[PDB]
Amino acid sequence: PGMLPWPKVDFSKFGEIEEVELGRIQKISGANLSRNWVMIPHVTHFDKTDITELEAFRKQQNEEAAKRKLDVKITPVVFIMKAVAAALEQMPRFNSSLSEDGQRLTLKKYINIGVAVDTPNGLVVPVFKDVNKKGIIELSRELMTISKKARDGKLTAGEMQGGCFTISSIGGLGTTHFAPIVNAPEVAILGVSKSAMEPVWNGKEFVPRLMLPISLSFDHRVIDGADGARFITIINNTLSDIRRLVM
């Protein structure tokens, strides 16, 4: 509009350089991000959830699947998808998309969750259908299947759409927290960082508990701060108690 333009400077004046044309994909990504960033007023909430019992449960279930030879591995991100899916039911406004002119809100009745997955071509986001209607075992098989397909790059565009919400877990690579960008036309995204044993006050003394840090970036046009806090809390509570497993 009436602002300063990009800073054009001769980099060779300082030393050797090398210029590279981005891939066509990297360009599309960059274009979507520039739009998302400018159009969506971002607010990020941070939180930590006690997954001590979730972890013991996950290992317990993997053992049971091992003795009867099921060839299925339950990763912790499966429980995160389920916790998110449950939360989208209780707070339907997070399961939505805002119109282009920002006038109308489309409330989605179906629950599909995109999960960021690392490929040699950087992160991509496959979408899992009806997370709310599928069990841990079935989702784990899907995640397993989609994983290798992801790392090979044999991915169809059709598999990468229909998302209502995104989960990005980068804790395996690091960070204690992060502030992600919302994936339009979705209205929110959950970030997951590395877990760690922490001293938690029980009322008389500190006790070691396995804490999982999470973050929630949301479109502030659609969601207000109070509703954001209620949402990340529900996810917290759900993850810190796996009685949701016994339907």
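Quick note: we count residues from 1 along the sequence shown, nothing fancier.
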Determine, for stretches 141-149 and 76-84, which one has the higher mean CA B-factor as deposited.
-> 141-149
Average Cα temperature factor in the PDB entry - higher stretch of 63-71, 180-188 = 63-71
Per the coordinate record, which of the options 223, 25, 235, 229 holds the highest CA temperature factor?
-> 25
In terms of the CA temperature factor given in the entry, to which third of its chain does residue 164 belong: lowest, middle or highest?
-> middle
So, residue 92's CA B-factor, relative to its chain, sits in which third? The middle
Taking the C-alpha B-factors as the PDB entry records them, is residue 194 in the lowest, middle or highest third of its chain?
-> lowest
Tell me, lowest, middle or highest third: where does the Cα B factor of residue 171 rank within its chain?
-> lowest
Sorting the chain's modelled residues by C-alpha B-factor, tell me whether residue 115 ends up in the lowest, middle or highest third.
-> lowest
